[PDB]
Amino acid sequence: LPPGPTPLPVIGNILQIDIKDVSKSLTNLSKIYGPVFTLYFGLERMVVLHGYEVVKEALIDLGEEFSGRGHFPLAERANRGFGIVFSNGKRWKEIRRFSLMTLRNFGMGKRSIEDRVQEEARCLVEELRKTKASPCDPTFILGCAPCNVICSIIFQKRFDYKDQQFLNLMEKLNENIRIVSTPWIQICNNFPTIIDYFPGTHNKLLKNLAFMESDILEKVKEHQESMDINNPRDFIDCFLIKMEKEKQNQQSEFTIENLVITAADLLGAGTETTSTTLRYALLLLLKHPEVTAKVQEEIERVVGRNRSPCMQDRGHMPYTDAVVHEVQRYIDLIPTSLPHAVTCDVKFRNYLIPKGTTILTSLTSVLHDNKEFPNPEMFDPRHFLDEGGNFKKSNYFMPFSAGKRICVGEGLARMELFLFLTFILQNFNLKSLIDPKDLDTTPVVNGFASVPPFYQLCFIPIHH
């Protein structure tokens, strides 16, 4: 077992963590026990992997052994094993696969995935105009887009921003995210005893998911009725079709129950994540007009006025792609990614990690490597640009994590970020209330995810 601070009887290693910034806490601890150390929280023992070296040697090289999902008392209470985000064994590789392929640009019908995002970007811009250039909070708008995107990929179509169903869904998605991100929820995951004495909070979430899932099930039924085995409209159809195919083995991991959960998983996995990054991206663009202006020039060069942007233009716009990467590397949305777990006994280094041991990877240590990224604390699009000005990749770019568990929506997220942002910059100018040299882009890490400080900006139309 890897070294680490001795844990007290009931509070474990809690006194070693500054809840106001768990991420940072782990980094400081690595400055003592190295890139690999053990920790104890509640009844959960965990091994922290800090530093690119150990992170790659685990997620990549030893991919299969670290392909397991960390123990989640909360997730296992709400999903019970179903879904993608928290499934395992056969069940995981099963749903995962189908999801990966069904999500391919043309993995679910004649209509491509990009066509949906494109349309949403059209609405996103259409709504921004409504603000009439007046000071406003992009928090809401930037949230409807990513959410509506998933909706159009799961259901036959999207929803009007006014539609109540939509509002109920997003409002319910926010409450659920707040809950799970609270320090209290973190405590229950580790110590499942206290949750029985104070079920209140967990019940609210379970209730929200229950209602959310029911509404899904219903639509899943509306599909079954008008399904076209040879003309899939969305995820549901594909899944439903897949069922008909494996209607011969009683071991088919594909069931209506797994669909509902999976649908819910994706829905909650692509909203907050993408939404927060977009809102953070704009904030950074206000702080750095110099950078915003350049992107606009590249959009002006490679795209022009007569045409809206598309994914084919990304490979042509090296600078714009750099900013998108820098924004992700800088904000470090998920400091510690999602809890992992060794599928068996692994002799990582001199230390041996027992089967089923929770593994916490510090993506922060990778995305903020002072070496691969000089001055990782500063926002600079240069980090992903060579001397010539061409885009340069990096094995240190793991916002979506890495390994057999890498984000299922990595291609979808990047597609949205690029299109959404470029659409906005091509139609509007970014002017903030107070001076761009004043407002601070510093995060407010909630522990589970980083959140940008509150701010307001104005969307000034570019007519030409």
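For every residue, the number given is its place in the sequence shown, counted from 1.
- prompt: Got a sec? Mean C-alpha B-factor, which is higher, 439-447 or 20-28?
  reply: According to the PDB entry, the answer is 439-447.
- prompt: If you average the Cα B factors in the entry, which is higher, 268-276 or 240-248?
  reply: Comparing 240-248 with 268-276, the higher average CA B-factor belongs to 240-248.
- prompt: Looking at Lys404, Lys431, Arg414, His50, which has the highest Cα B-factor in the entry?
  reply: Answer, based on the entry's C-alpha B-factors: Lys431.
message: According to the Cα B-factor stored in this entry, which of the following is highest: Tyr330, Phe140, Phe254, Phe106?
response: Of the candidates given, the C-alpha B-factor peaks at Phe254.
- request: Please rank the C-alpha B-factors of the chain's modelled residues and tell me whether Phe166 sits in the lowest, middle or highest third.
  value: As the PDB entry reports it, the C-alpha B-factor of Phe166 lands in the highest third of its chain.
message: Considering every modelled residue of the chain and its Cα B-factor in the PDB entry, is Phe86 in the lowest, middle or highest third?
response: Ranked within chain, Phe86 CA B lands in the lowest tercile.
- prompt: Looking at the C-alpha B-factor of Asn148, is it in the lowest, middle or highest third of its chain?
  reply: As the PDB entry reports it, the C-alpha B-factor of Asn148 lands in the lowest third of its chain.
- prompt: Relative to the other modelled residues in the chain, which third contains the C-alpha temperature factor of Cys458: lowest, middle or highest?
  reply: According to the entry, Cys458 has a C-alpha B-factor in the chain's middle third.
query: Taking the entry's C-alpha B-factors for this chain, is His202 in the lowest, middle or highest third?
result: CA B-factor rank for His202: lowest third.
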